[PDB]
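Text of the file start-v5.cif, holding mmCIF, N, CA and C atoms:
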```
data_final
#
loop_
_atom_site.label_atom_id
_atom_site.label_comp_id
_atom_site.auth_asym_id
_atom_site.auth_seq_id
_atom_site.Cartn_x
_atom_site.Cartn_y
_atom_site.Cartn_z
N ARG A 1 103.21 95.57 111.27
CA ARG A 1 103.02 96.97 110.85
C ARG A 1 103.66 97.13 109.47
N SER A 2 103.50 96.12 108.61
CA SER A 2 104.06 96.11 107.24
C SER A 2 103.27 97.11 106.39
N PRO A 3 103.87 98.12 105.71
CA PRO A 3 103.09 99.03 104.89
C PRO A 3 103.08 98.67 103.41
N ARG A 4 102.00 99.02 102.74
CA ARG A 4 101.97 98.94 101.27
C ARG A 4 101.16 100.09 100.70
N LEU A 5 101.42 100.42 99.44
CA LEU A 5 100.65 101.42 98.70
C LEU A 5 99.81 100.70 97.71
N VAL A 6 98.51 100.97 97.69
CA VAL A 6 97.68 100.25 96.72
C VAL A 6 96.82 101.16 95.90
N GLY A 7 96.67 100.78 94.64
CA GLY A 7 95.79 101.52 93.79
C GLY A 7 96.42 102.54 92.87
N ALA A 8 97.72 102.77 92.97
CA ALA A 8 98.28 103.71 92.03
C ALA A 8 98.72 103.09 90.74
N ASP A 9 98.89 103.97 89.76
CA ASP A 9 99.45 103.57 88.49
C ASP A 9 100.92 103.18 88.55
N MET A 10 101.59 103.50 89.65
CA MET A 10 102.99 103.12 89.85
C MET A 10 103.15 102.64 91.28
N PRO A 11 104.16 101.78 91.55
CA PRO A 11 104.29 101.24 92.90
C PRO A 11 104.49 102.27 94.02
N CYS A 12 105.08 103.43 93.70
CA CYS A 12 105.41 104.44 94.70
C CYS A 12 104.36 105.55 94.87
N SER A 13 103.14 105.27 94.44
CA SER A 13 102.05 106.12 94.88
C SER A 13 100.87 105.23 95.16
N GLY A 14 99.92 105.71 95.97
CA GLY A 14 98.69 104.96 96.21
C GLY A 14 98.10 105.12 97.59
N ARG A 15 97.00 104.41 97.83
CA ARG A 15 96.36 104.42 99.13
C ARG A 15 97.22 103.60 100.09
N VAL A 16 97.40 104.16 101.29
CA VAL A 16 98.25 103.57 102.33
C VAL A 16 97.50 102.43 103.02
N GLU A 17 98.13 101.26 103.11
CA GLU A 17 97.55 100.18 103.90
C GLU A 17 98.69 99.60 104.73
N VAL A 18 98.41 99.28 106.00
CA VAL A 18 99.45 98.79 106.90
C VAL A 18 98.92 97.58 107.61
N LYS A 19 99.71 96.52 107.61
CA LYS A 19 99.25 95.27 108.13
C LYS A 19 99.44 95.23 109.63
N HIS A 20 98.45 94.68 110.32
CA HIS A 20 98.59 94.35 111.74
C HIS A 20 98.14 92.92 111.91
N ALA A 21 99.04 92.06 112.36
CA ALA A 21 98.73 90.66 112.45
C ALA A 21 98.36 90.16 111.06
N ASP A 22 97.21 89.51 110.91
CA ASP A 22 96.87 88.91 109.62
C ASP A 22 95.84 89.74 108.87
N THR A 23 95.52 90.95 109.36
CA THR A 23 94.69 91.87 108.57
C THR A 23 95.44 93.16 108.18
N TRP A 24 94.96 93.80 107.12
CA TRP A 24 95.47 95.07 106.64
C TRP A 24 94.51 96.14 107.12
N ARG A 25 95.04 97.31 107.40
CA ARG A 25 94.20 98.43 107.69
C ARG A 25 94.61 99.65 106.88
N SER A 26 93.62 100.42 106.43
CA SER A 26 93.86 101.76 105.92
C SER A 26 94.04 102.78 107.05
N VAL A 27 94.31 104.02 106.65
CA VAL A 27 94.63 105.08 107.58
C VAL A 27 93.81 106.30 107.20
N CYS A 28 93.07 106.83 108.17
CA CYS A 28 92.25 108.01 107.96
C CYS A 28 93.18 109.19 107.71
N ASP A 29 92.77 110.09 106.81
CA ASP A 29 93.59 111.25 106.44
C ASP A 29 93.65 112.33 107.51
N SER A 30 92.86 112.19 108.57
CA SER A 30 92.98 113.01 109.78
C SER A 30 94.14 112.59 110.66
N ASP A 31 94.77 111.46 110.33
CA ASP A 31 95.63 110.75 111.28
C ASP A 31 97.08 110.56 110.86
N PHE A 32 97.49 111.18 109.76
CA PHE A 32 98.72 110.80 109.06
C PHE A 32 99.53 112.05 108.72
N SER A 33 100.67 112.20 109.35
CA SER A 33 101.51 113.37 109.18
C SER A 33 102.48 113.20 108.01
N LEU A 34 103.09 114.30 107.59
CA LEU A 34 104.09 114.22 106.53
C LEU A 34 105.30 113.37 107.00
N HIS A 35 105.54 113.28 108.30
CA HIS A 35 106.65 112.43 108.75
C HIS A 35 106.37 110.94 108.73
N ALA A 36 105.14 110.54 108.99
CA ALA A 36 104.73 109.16 108.79
C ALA A 36 104.83 108.82 107.30
N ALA A 37 104.30 109.71 106.46
CA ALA A 37 104.47 109.61 105.01
C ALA A 37 105.91 109.39 104.59
N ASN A 38 106.79 110.22 105.14
CA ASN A 38 108.23 110.21 104.90
C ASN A 38 108.81 108.82 105.19
N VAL A 39 108.48 108.31 106.37
CA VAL A 39 108.98 107.04 106.83
C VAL A 39 108.46 105.94 105.94
N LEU A 40 107.17 106.02 105.61
CA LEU A 40 106.56 105.06 104.70
C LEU A 40 107.30 105.01 103.35
N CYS A 41 107.54 106.17 102.74
CA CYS A 41 108.16 106.19 101.42
C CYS A 41 109.54 105.54 101.48
N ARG A 42 110.22 105.77 102.61
CA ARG A 42 111.59 105.30 102.83
C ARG A 42 111.56 103.79 102.95
N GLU A 43 110.77 103.30 103.90
CA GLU A 43 110.57 101.86 104.13
C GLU A 43 110.27 101.10 102.84
N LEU A 44 109.51 101.73 101.94
CA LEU A 44 109.12 101.10 100.66
C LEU A 44 110.11 101.27 99.50
N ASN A 45 111.28 101.87 99.74
CA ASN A 45 112.31 101.98 98.70
C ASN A 45 111.77 102.95 97.65
N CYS A 46 111.01 103.98 98.05
CA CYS A 46 110.30 104.84 97.12
C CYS A 46 110.79 106.30 97.17
N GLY A 47 111.93 106.54 97.82
CA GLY A 47 112.50 107.87 97.91
C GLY A 47 111.87 108.61 99.08
N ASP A 48 111.68 109.91 98.93
CA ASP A 48 111.05 110.72 99.97
C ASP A 48 109.65 111.14 99.55
N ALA A 49 108.83 111.52 100.52
CA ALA A 49 107.42 111.79 100.24
C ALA A 49 107.32 113.07 99.46
N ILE A 50 106.36 113.10 98.56
CA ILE A 50 106.08 114.33 97.87
C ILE A 50 104.79 114.90 98.37
N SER A 51 103.72 114.11 98.33
CA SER A 51 102.41 114.59 98.79
C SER A 51 101.70 113.51 99.53
N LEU A 52 100.89 113.94 100.49
CA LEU A 52 99.81 113.16 101.05
C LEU A 52 98.58 113.61 100.32
N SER A 53 97.76 112.65 99.89
CA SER A 53 96.55 112.93 99.14
C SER A 53 95.30 112.50 99.95
N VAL A 54 94.34 113.42 100.11
CA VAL A 54 93.06 113.19 100.84
C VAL A 54 92.00 112.49 100.02
N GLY A 55 90.96 112.07 100.73
CA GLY A 55 89.66 111.82 100.14
C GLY A 55 89.69 110.66 99.22
N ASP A 56 90.35 109.59 99.67
CA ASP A 56 90.45 108.33 98.91
C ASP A 56 90.77 108.57 97.47
N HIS A 57 91.75 109.42 97.27
CA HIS A 57 92.25 109.77 95.97
C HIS A 57 92.54 108.55 95.08
N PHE A 58 92.97 107.44 95.66
CA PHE A 58 93.35 106.24 94.88
C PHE A 58 92.27 105.19 94.99
N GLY A 59 91.07 105.66 95.27
CA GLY A 59 90.02 104.80 95.73
C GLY A 59 90.12 104.54 97.23
N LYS A 60 89.02 104.06 97.78
CA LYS A 60 88.89 103.71 99.18
C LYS A 60 89.16 102.24 99.36
N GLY A 61 89.67 101.92 100.54
CA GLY A 61 89.93 100.55 100.92
C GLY A 61 88.67 100.00 101.51
N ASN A 62 88.77 98.81 102.05
CA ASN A 62 87.68 98.22 102.79
C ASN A 62 88.34 97.55 103.98
N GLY A 63 87.53 97.03 104.88
CA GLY A 63 88.01 96.43 106.11
C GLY A 63 88.35 97.45 107.19
N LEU A 64 89.36 97.11 107.97
CA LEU A 64 89.65 97.84 109.17
C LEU A 64 90.34 99.17 108.79
N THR A 65 90.14 100.21 109.60
CA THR A 65 90.86 101.47 109.53
C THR A 65 91.63 101.66 110.86
N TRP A 66 92.94 101.93 110.81
CA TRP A 66 93.79 102.05 112.04
C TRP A 66 93.19 102.97 113.11
N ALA A 67 93.15 102.49 114.35
CA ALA A 67 92.52 103.18 115.47
C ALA A 67 93.57 103.93 116.28
N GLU A 68 94.84 103.64 116.02
CA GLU A 68 95.96 104.39 116.55
C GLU A 68 96.72 105.05 115.41
N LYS A 69 97.39 106.16 115.70
CA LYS A 69 98.14 106.85 114.66
C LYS A 69 99.64 106.70 114.83
N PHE A 70 100.36 106.67 113.73
CA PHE A 70 101.82 106.62 113.74
C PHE A 70 102.42 108.03 113.88
N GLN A 71 102.83 108.38 115.09
CA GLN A 71 103.42 109.70 115.34
C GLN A 71 104.92 109.66 115.15
N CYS A 72 105.31 109.43 113.90
CA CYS A 72 106.71 109.34 113.50
C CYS A 72 107.39 110.69 113.68
N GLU A 73 108.65 110.64 114.10
CA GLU A 73 109.55 111.81 114.16
C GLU A 73 110.01 112.24 112.77
N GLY A 74 110.23 111.27 111.89
CA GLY A 74 110.64 111.56 110.51
C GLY A 74 111.78 110.70 109.99
N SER A 75 112.66 110.22 110.87
CA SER A 75 113.90 109.53 110.47
C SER A 75 113.88 108.04 110.75
N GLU A 76 112.79 107.54 111.32
CA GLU A 76 112.61 106.11 111.49
C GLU A 76 112.75 105.41 110.15
N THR A 77 113.42 104.28 110.16
CA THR A 77 113.51 103.43 108.99
C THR A 77 112.25 102.63 108.63
N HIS A 78 111.36 102.41 109.61
CA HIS A 78 110.12 101.65 109.45
C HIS A 78 109.03 102.26 110.33
N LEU A 79 107.78 102.16 109.89
CA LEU A 79 106.63 102.59 110.69
C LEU A 79 106.53 101.85 112.04
N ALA A 80 106.98 100.59 112.02
CA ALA A 80 107.23 99.74 113.19
C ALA A 80 107.95 100.46 114.32
N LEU A 81 108.87 101.35 113.97
CA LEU A 81 109.66 102.04 115.00
C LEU A 81 109.05 103.35 115.48
N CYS A 82 107.98 103.79 114.85
CA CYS A 82 107.32 105.03 115.23
C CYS A 82 106.44 104.79 116.44
N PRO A 83 106.47 105.72 117.41
CA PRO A 83 105.54 105.61 118.52
C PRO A 83 104.13 105.78 118.02
N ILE A 84 103.17 105.13 118.68
CA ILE A 84 101.78 105.28 118.28
C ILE A 84 100.93 105.98 119.34
N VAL A 85 99.71 106.34 118.94
CA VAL A 85 98.82 107.09 119.78
C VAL A 85 97.40 106.95 119.29
N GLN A 86 96.44 107.09 120.18
CA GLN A 86 95.04 107.01 119.78
C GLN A 86 94.59 108.07 118.74
N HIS A 87 93.90 107.57 117.72
CA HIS A 87 93.07 108.33 116.76
C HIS A 87 92.26 109.38 117.58
N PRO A 88 91.83 110.50 116.97
CA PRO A 88 90.87 111.35 117.72
C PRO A 88 89.51 110.72 117.87
N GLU A 89 88.73 111.29 118.76
CA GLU A 89 87.41 110.76 119.07
C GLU A 89 86.52 110.68 117.79
N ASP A 90 85.59 109.73 117.82
CA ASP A 90 84.70 109.33 116.72
C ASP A 90 85.43 108.28 115.90
N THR A 91 84.91 107.98 114.73
CA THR A 91 85.58 107.10 113.81
C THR A 91 85.58 107.75 112.42
N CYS A 92 86.47 107.25 111.58
CA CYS A 92 86.58 107.70 110.21
C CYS A 92 85.93 106.70 109.33
N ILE A 93 85.51 107.13 108.16
CA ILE A 93 85.03 106.19 107.18
C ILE A 93 86.05 106.08 106.06
N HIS A 94 85.87 105.08 105.22
CA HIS A 94 86.87 104.77 104.24
C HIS A 94 87.01 105.87 103.24
N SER A 95 85.97 106.69 103.10
CA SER A 95 85.98 107.83 102.22
C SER A 95 87.09 108.84 102.53
N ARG A 96 87.69 108.77 103.71
CA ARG A 96 88.79 109.65 104.07
C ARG A 96 90.13 108.88 104.20
N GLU A 97 90.21 107.68 103.64
CA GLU A 97 91.50 107.02 103.59
C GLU A 97 92.58 107.81 102.84
N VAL A 98 93.77 107.77 103.41
CA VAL A 98 94.87 108.60 102.98
C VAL A 98 95.71 107.85 101.94
N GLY A 99 96.35 108.61 101.07
CA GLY A 99 97.29 108.08 100.12
C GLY A 99 98.45 109.01 100.02
N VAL A 100 99.52 108.54 99.39
CA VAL A 100 100.73 109.32 99.21
C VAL A 100 101.29 109.19 97.82
N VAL A 101 102.12 110.16 97.48
CA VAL A 101 102.94 110.12 96.28
C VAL A 101 104.36 110.32 96.79
N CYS A 102 105.19 109.30 96.56
CA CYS A 102 106.60 109.37 96.82
C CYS A 102 107.34 109.71 95.51
N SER A 103 108.45 110.43 95.63
CA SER A 103 109.18 110.91 94.47
C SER A 103 109.78 109.71 93.80
N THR A 104 110.41 109.89 92.67
CA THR A 104 111.24 108.78 92.15
C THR A 104 110.34 107.78 91.45
#
```

Represent the structure contained in this file as structure tokens.
Amino acid sequence: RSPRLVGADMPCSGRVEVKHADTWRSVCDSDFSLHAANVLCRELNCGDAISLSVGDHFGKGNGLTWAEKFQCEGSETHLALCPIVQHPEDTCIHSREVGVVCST
């Protein structure tokens, strides 16, 4: 559940991608709370979250999109420690991949 931000002009902003096993997955913007964002920014040494950005703001990813969501409380040190839960019914397309801007 290793996270990275991809596609931004700086390391601390970009489209969210999180590794599971040997593949990376993006995260639908229907599925990602400000607390998951928070935890992500922290885990990445990027300060605290400023914004979640919709609509593949940093471009869209390709490949898998996470089918479970990270229901973080907010103070977890890693997304790994956040409880997970099923995505809502249907599927998302890459056009709704989520991104973040962390401060700092």

Applied to this file, what does the PyMOL selection byres ((chain A and resi 100) around 8) return in terms of residues, put as a list in words?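 Checked against the file, the PyMOL selection byres ((chain A and resi 100) around 8) matches residues 5, 6, 12, 13, 14, 15, 16, 37, 49, 50, 51, 52, 53, 54, 58, 97, 98, 99, 101, 102 and 103 of chain A.
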
Mind writing the picked residues with N, CA and C atoms as a tab-separated table (two decimals), keeping the file's coordinate frame?
```tsv
chain	number	residue	atom	x	y	z
A	5	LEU	N	101.42	100.42	99.44
A	5	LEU	CA	100.65	101.42	98.70
A	5	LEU	C	99.81	100.70	97.71
A	6	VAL	N	98.51	100.97	97.69
A	6	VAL	CA	97.68	100.25	96.72
A	6	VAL	C	96.82	101.16	95.90
A	12	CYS	N	105.08	103.43	93.70
A	12	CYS	CA	105.41	104.44	94.70
A	12	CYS	C	104.36	105.55	94.87
A	13	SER	N	103.14	105.27	94.44
A	13	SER	CA	102.05	106.12	94.88
A	13	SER	C	100.87	105.23	95.16
A	14	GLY	N	99.92	105.71	95.97
A	14	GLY	CA	98.69	104.96	96.21
A	14	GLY	C	98.10	105.12	97.59
A	15	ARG	N	97.00	104.41	97.83
A	15	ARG	CA	96.36	104.42	99.13
A	15	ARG	C	97.22	103.60	100.09
A	16	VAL	N	97.40	104.16	101.29
A	16	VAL	CA	98.25	103.57	102.33
A	16	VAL	C	97.50	102.43	103.02
A	37	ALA	N	104.30	109.71	106.46
A	37	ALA	CA	104.47	109.61	105.01
A	37	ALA	C	105.91	109.39	104.59
A	49	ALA	N	108.83	111.52	100.52
A	49	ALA	CA	107.42	111.79	100.24
A	49	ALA	C	107.32	113.07	99.46
A	50	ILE	N	106.36	113.10	98.56
A	50	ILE	CA	106.08	114.33	97.87
A	50	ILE	C	104.79	114.90	98.37
A	51	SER	N	103.72	114.11	98.33
A	51	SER	CA	102.41	114.59	98.79
A	51	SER	C	101.70	113.51	99.53
A	52	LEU	N	100.89	113.94	100.49
A	52	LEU	CA	99.81	113.16	101.05
A	52	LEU	C	98.58	113.61	100.32
A	53	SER	N	97.76	112.65	99.89
A	53	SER	CA	96.55	112.93	99.14
A	53	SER	C	95.30	112.50	99.95
A	54	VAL	N	94.34	113.42	100.11
A	54	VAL	CA	93.06	113.19	100.84
A	54	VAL	C	92.00	112.49	100.02
A	58	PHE	N	92.97	107.44	95.66
A	58	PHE	CA	93.35	106.24	94.88
A	58	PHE	C	92.27	105.19	94.99
A	97	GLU	N	90.21	107.68	103.64
A	97	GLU	CA	91.50	107.02	103.59
A	97	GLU	C	92.58	107.81	102.84
A	98	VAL	N	93.77	107.77	103.41
A	98	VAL	CA	94.87	108.60	102.98
A	98	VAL	C	95.71	107.85	101.94
A	99	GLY	N	96.35	108.61	101.07
A	99	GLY	CA	97.29	108.08	100.12
A	99	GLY	C	98.45	109.01	100.02
A	101	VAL	N	102.12	110.16	97.48
A	101	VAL	CA	102.94	110.12	96.28
A	101	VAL	C	104.36	110.32	96.79
A	102	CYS	N	105.19	109.30	96.56
A	102	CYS	CA	106.60	109.37	96.82
A	102	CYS	C	107.34	109.71	95.51
A	103	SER	N	108.45	110.43	95.63
A	103	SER	CA	109.18	110.91	94.47
A	103	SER	C	109.78	109.71	93.80
```

Pick from A:63, A:3, A:10, A:24: nearest to residue 41 of chain A, with only C-alpha atoms counted?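 Using only C-alpha atoms, the shortest distance to residue 41 of chain A belongs to A:3.
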
Using Å and a single decimal, report how far atom CA of residue 33 of chain A sits from atom C of residue 71 of chain A. 7.8 Å

Starting from the shown file, work through the PyMOL selection byres ((chain A and resi 87) around 6) and note down what comes out as JSON, numbers by chain. {"A": [67, 68, 69, 85, 86, 88, 89]}

Atom CA of residue 27 of chain A to atom CA of residue 66 of chain A, distance in Å rounded to a single decimal: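 One can read the atom CA of residue 27 of chain A to atom CA of residue 66 of chain A distance as 5.5 Å.
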
Can you tell me which residues surround residue 104 of chain A at a distance of at most 9 Å, considering only C-alpha atoms, apart from same-chain residues fewer than 3 positions away, and format the answer as a VMD selection string? chain A and resid 12 46 to 48

Leaving out residue 79 of chain A and any residue of its chain fewer than 2 positions from it, which residues lie within 8 Å of it when counting only C-alpha atoms, given as number ranges by chain? A: 1-3, 36, 39-40, 43, 70, 72, 76-77, 81-82

Dump N, CA and C atoms for the selected residues as a JSON list (two decimals), in the frame of the given file?
```json
[["chain", "number", "residue", "atom", "x", "y", "z"],
["A", 1, "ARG", "N", 103.21, 95.57, 111.27],
["A", 1, "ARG", "CA", 103.02, 96.97, 110.85],
["A", 1, "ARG", "C", 103.66, 97.13, 109.47],
["A", 2, "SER", "N", 103.50, 96.12, 108.61],
["A", 2, "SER", "CA", 104.06, 96.11, 107.24],
["A", 2, "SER", "C", 103.27, 97.11, 106.39],
["A", 3, "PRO", "N", 103.87, 98.12, 105.71],
["A", 3, "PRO", "CA", 103.09, 99.03, 104.89],
["A", 3, "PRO", "C", 103.08, 98.67, 103.41],
["A", 36, "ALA", "N", 105.14, 110.54, 108.99],
["A", 36, "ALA", "CA", 104.73, 109.16, 108.79],
["A", 36, "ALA", "C", 104.83, 108.82, 107.30],
["A", 39, "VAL", "N", 108.48, 108.31, 106.37],
["A", 39, "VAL", "CA", 108.98, 107.04, 106.83],
["A", 39, "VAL", "C", 108.46, 105.94, 105.94],
["A", 40, "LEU", "N", 107.17, 106.02, 105.61],
["A", 40, "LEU", "CA", 106.56, 105.06, 104.70],
["A", 40, "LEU", "C", 107.30, 105.01, 103.35],
["A", 43, "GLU", "N", 110.77, 103.30, 103.90],
["A", 43, "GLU", "CA", 110.57, 101.86, 104.13],
["A", 43, "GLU", "C", 110.27, 101.10, 102.84],
["A", 70, "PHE", "N", 100.36, 106.67, 113.73],
["A", 70, "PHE", "CA", 101.82, 106.62, 113.74],
["A", 70, "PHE", "C", 102.42, 108.03, 113.88],
["A", 72, "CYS", "N", 105.31, 109.43, 113.90],
["A", 72, "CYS", "CA", 106.71, 109.34, 113.50],
["A", 72, "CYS", "C", 107.39, 110.69, 113.68],
["A", 76, "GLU", "N", 112.79, 107.54, 111.32],
["A", 76, "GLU", "CA", 112.61, 106.11, 111.49],
["A", 76, "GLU", "C", 112.75, 105.41, 110.15],
["A", 77, "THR", "N", 113.42, 104.28, 110.16],
["A", 77, "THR", "CA", 113.51, 103.43, 108.99],
["A", 77, "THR", "C", 112.25, 102.63, 108.63],
["A", 81, "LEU", "N", 108.87, 101.35, 113.97],
["A", 81, "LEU", "CA", 109.66, 102.04, 115.00],
["A", 81, "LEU", "C", 109.05, 103.35, 115.48],
["A", 82, "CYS", "N", 107.98, 103.79, 114.85],
["A", 82, "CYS", "CA", 107.32, 105.03, 115.23],
["A", 82, "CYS", "C", 106.44, 104.79, 116.44]]
```

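When DSSP is run on the backbone, the residues of segment 42-90 of chain A that fall into helix (DSSP H, G or I) are residues 42, 43, 79, 80 and 81 of chain A.
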
Residues of the last selection are to be written out with N, CA and C atoms, as an mmCIF file, keeping the file's coordinate frame.
```cif
data_model
loop_
_atom_site.group_PDB
_atom_site.id
_atom_site.type_symbol
_atom_site.label_atom_id
_atom_site.label_comp_id
_atom_site.auth_asym_id
_atom_site.auth_seq_id
_atom_site.Cartn_x
_atom_site.Cartn_y
_atom_site.Cartn_z
ATOM 1 N N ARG A 42 110.220 105.770 102.610
ATOM 2 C CA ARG A 42 111.590 105.300 102.830
ATOM 3 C C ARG A 42 111.560 103.790 102.950
ATOM 4 N N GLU A 43 110.770 103.300 103.900
ATOM 5 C CA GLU A 43 110.570 101.860 104.130
ATOM 6 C C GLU A 43 110.270 101.100 102.840
ATOM 7 N N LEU A 79 107.780 102.160 109.890
ATOM 8 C CA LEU A 79 106.630 102.590 110.690
ATOM 9 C C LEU A 79 106.530 101.850 112.040
ATOM 10 N N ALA A 80 106.980 100.590 112.020
ATOM 11 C CA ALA A 80 107.230 99.740 113.190
ATOM 12 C C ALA A 80 107.950 100.460 114.320
ATOM 13 N N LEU A 81 108.870 101.350 113.970
ATOM 14 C CA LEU A 81 109.660 102.040 115.000
ATOM 15 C C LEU A 81 109.050 103.350 115.480
#
```

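Atom CA of residue 32 of chain A sits 15.6 Å away from atom CA of residue 19 of chain A.
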
Could you check the closest approach to residue 7 of chain A for each of A:57, A:83, A:94, A:45 and tell me which residue wins, using all atoms listed in the file?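 Of all the options, A:57 lies closest to residue 7 of chain A.
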
Backbone DSSP call of strand (DSSP E) for chain A, listed as a tab-separated table (two decimals) with N, CA and C atoms, in the frame of the given file:
```
chain	number	residue	atom	x	y	z
A	3	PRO	N	103.87	98.12	105.71
A	3	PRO	CA	103.09	99.03	104.89
A	3	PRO	C	103.08	98.67	103.41
A	4	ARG	N	102.00	99.02	102.74
A	4	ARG	CA	101.97	98.94	101.27
A	4	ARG	C	101.16	100.09	100.70
A	5	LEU	N	101.42	100.42	99.44
A	5	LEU	CA	100.65	101.42	98.70
A	5	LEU	C	99.81	100.70	97.71
A	6	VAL	N	98.51	100.97	97.69
A	6	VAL	CA	97.68	100.25	96.72
A	6	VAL	C	96.82	101.16	95.90
A	7	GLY	N	96.67	100.78	94.64
A	7	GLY	CA	95.79	101.52	93.79
A	7	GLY	C	96.42	102.54	92.87
A	13	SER	N	103.14	105.27	94.44
A	13	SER	CA	102.05	106.12	94.88
A	13	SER	C	100.87	105.23	95.16
A	14	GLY	N	99.92	105.71	95.97
A	14	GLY	CA	98.69	104.96	96.21
A	14	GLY	C	98.10	105.12	97.59
A	15	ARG	N	97.00	104.41	97.83
A	15	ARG	CA	96.36	104.42	99.13
A	15	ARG	C	97.22	103.60	100.09
A	16	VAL	N	97.40	104.16	101.29
A	16	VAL	CA	98.25	103.57	102.33
A	16	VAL	C	97.50	102.43	103.02
A	17	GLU	N	98.13	101.26	103.11
A	17	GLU	CA	97.55	100.18	103.90
A	17	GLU	C	98.69	99.60	104.73
A	18	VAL	N	98.41	99.28	106.00
A	18	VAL	CA	99.45	98.79	106.90
A	18	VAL	C	98.92	97.58	107.61
A	19	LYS	N	99.71	96.52	107.61
A	19	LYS	CA	99.25	95.27	108.13
A	19	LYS	C	99.44	95.23	109.63
A	20	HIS	N	98.45	94.68	110.32
A	20	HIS	CA	98.59	94.35	111.74
A	20	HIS	C	98.14	92.92	111.91
A	23	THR	N	95.52	90.95	109.36
A	23	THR	CA	94.69	91.87	108.57
A	23	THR	C	95.44	93.16	108.18
A	24	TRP	N	94.96	93.80	107.12
A	24	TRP	CA	95.47	95.07	106.64
A	24	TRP	C	94.51	96.14	107.12
A	25	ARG	N	95.04	97.31	107.40
A	25	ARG	CA	94.20	98.43	107.69
A	25	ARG	C	94.61	99.65	106.88
A	26	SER	N	93.62	100.42	106.43
A	26	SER	CA	93.86	101.76	105.92
A	26	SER	C	94.04	102.78	107.05
A	49	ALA	N	108.83	111.52	100.52
A	49	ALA	CA	107.42	111.79	100.24
A	49	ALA	C	107.32	113.07	99.46
A	50	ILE	N	106.36	113.10	98.56
A	50	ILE	CA	106.08	114.33	97.87
A	50	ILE	C	104.79	114.90	98.37
A	51	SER	N	103.72	114.11	98.33
A	51	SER	CA	102.41	114.59	98.79
A	51	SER	C	101.70	113.51	99.53
A	52	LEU	N	100.89	113.94	100.49
A	52	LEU	CA	99.81	113.16	101.05
A	52	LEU	C	98.58	113.61	100.32
A	53	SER	N	97.76	112.65	99.89
A	53	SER	CA	96.55	112.93	99.14
A	53	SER	C	95.30	112.50	99.95
A	64	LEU	N	89.36	97.11	107.97
A	64	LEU	CA	89.65	97.84	109.17
A	64	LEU	C	90.34	99.17	108.79
A	65	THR	N	90.14	100.21	109.60
A	65	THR	CA	90.86	101.47	109.53
A	65	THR	C	91.63	101.66	110.86
A	68	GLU	N	94.84	103.64	116.02
A	68	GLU	CA	95.96	104.39	116.55
A	68	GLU	C	96.72	105.05	115.41
A	69	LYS	N	97.39	106.16	115.70
A	69	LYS	CA	98.14	106.85	114.66
A	69	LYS	C	99.64	106.70	114.83
A	70	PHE	N	100.36	106.67	113.73
A	70	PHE	CA	101.82	106.62	113.74
A	70	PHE	C	102.42	108.03	113.88
A	84	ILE	N	103.17	105.13	118.68
A	84	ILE	CA	101.78	105.28	118.28
A	84	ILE	C	100.93	105.98	119.34
A	85	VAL	N	99.71	106.34	118.94
A	85	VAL	CA	98.82	107.09	119.78
A	85	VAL	C	97.40	106.95	119.29
A	86	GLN	N	96.44	107.09	120.18
A	86	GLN	CA	95.04	107.01	119.78
A	86	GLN	C	94.59	108.07	118.74
A	99	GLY	N	96.35	108.61	101.07
A	99	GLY	CA	97.29	108.08	100.12
A	99	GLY	C	98.45	109.01	100.02
A	100	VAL	N	99.52	108.54	99.39
A	100	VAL	CA	100.73	109.32	99.21
A	100	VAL	C	101.29	109.19	97.82
A	101	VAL	N	102.12	110.16	97.48
A	101	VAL	CA	102.94	110.12	96.28
A	101	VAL	C	104.36	110.32	96.79
A	102	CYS	N	105.19	109.30	96.56
A	102	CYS	CA	106.60	109.37	96.82
A	102	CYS	C	107.34	109.71	95.51
```

Find the residues around residue 56 of chain A up to 5 Å (all atoms listed in the file counted), leave out those fewer than 4 positions away in its own chain, and share them as a PyMOL selection string. chain A and resi 60+95-97

Closest of A:28, A:34, A:18, A:93 to residue 75 of chain A, counting only C-alpha atoms, is A:34

Among listed residues A:84, A:26, A:38, A:91, nearest residue 61 of chain A (using only N, CA and C atoms):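 Ranking A:84, A:26, A:38, A:91 by distance to residue 61 of chain A, first place goes to A:26.
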
Counting only N, CA and C atoms, the residue among A:23, A:30, A:42, A:35 that lies closest to residue 73 of chain A is A:35

Can you rebuild segment 4-9 of chain A with N, CA, C and O atoms and give it as a PDB file, keeping the file's coordinate frame?
```
ATOM      1  N   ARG A   4     102.000  99.020 102.740  1.00  0.00           N
ATOM      2  CA  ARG A   4     101.970  98.940 101.270  1.00  0.00           C
ATOM      3  C   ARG A   4     101.160 100.090 100.700  1.00  0.00           C
ATOM      4  O   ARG A   4     100.326 100.664 101.384  1.00  0.00           O
ATOM      5  N   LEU A   5     101.420 100.420  99.440  1.00  0.00           N
ATOM      6  CA  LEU A   5     100.650 101.420  98.700  1.00  0.00           C
ATOM      7  C   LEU A   5      99.810 100.700  97.710  1.00  0.00           C
ATOM      8  O   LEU A   5     100.331  99.885  96.928  1.00  0.00           O
ATOM      9  N   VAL A   6      98.510 100.970  97.690  1.00  0.00           N
ATOM     10  CA  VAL A   6      97.680 100.250  96.720  1.00  0.00           C
ATOM     11  C   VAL A   6      96.820 101.160  95.900  1.00  0.00           C
ATOM     12  O   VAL A   6      96.291 102.175  96.375  1.00  0.00           O
ATOM     13  N   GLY A   7      96.670 100.780  94.640  1.00  0.00           N
ATOM     14  CA  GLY A   7      95.790 101.520  93.790  1.00  0.00           C
ATOM     15  C   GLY A   7      96.420 102.540  92.870  1.00  0.00           C
ATOM     16  O   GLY A   7      95.725 103.143  92.051  1.00  0.00           O
ATOM     17  N   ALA A   8      97.720 102.770  92.970  1.00  0.00           N
ATOM     18  CA  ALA A   8      98.280 103.710  92.030  1.00  0.00           C
ATOM     19  C   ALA A   8      98.720 103.090  90.740  1.00  0.00           C
ATOM     20  O   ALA A   8      98.878 101.872  90.617  1.00  0.00           O
ATOM     21  N   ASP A   9      98.890 103.970  89.760  1.00  0.00           N
ATOM     22  CA  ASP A   9      99.450 103.570  88.490  1.00  0.00           C
ATOM     23  C   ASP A   9     100.920 103.180  88.550  1.00  0.00           C
ATOM     24  O   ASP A   9     101.422 102.553  87.624  1.00  0.00           O
TER      25      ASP A   9
END
```
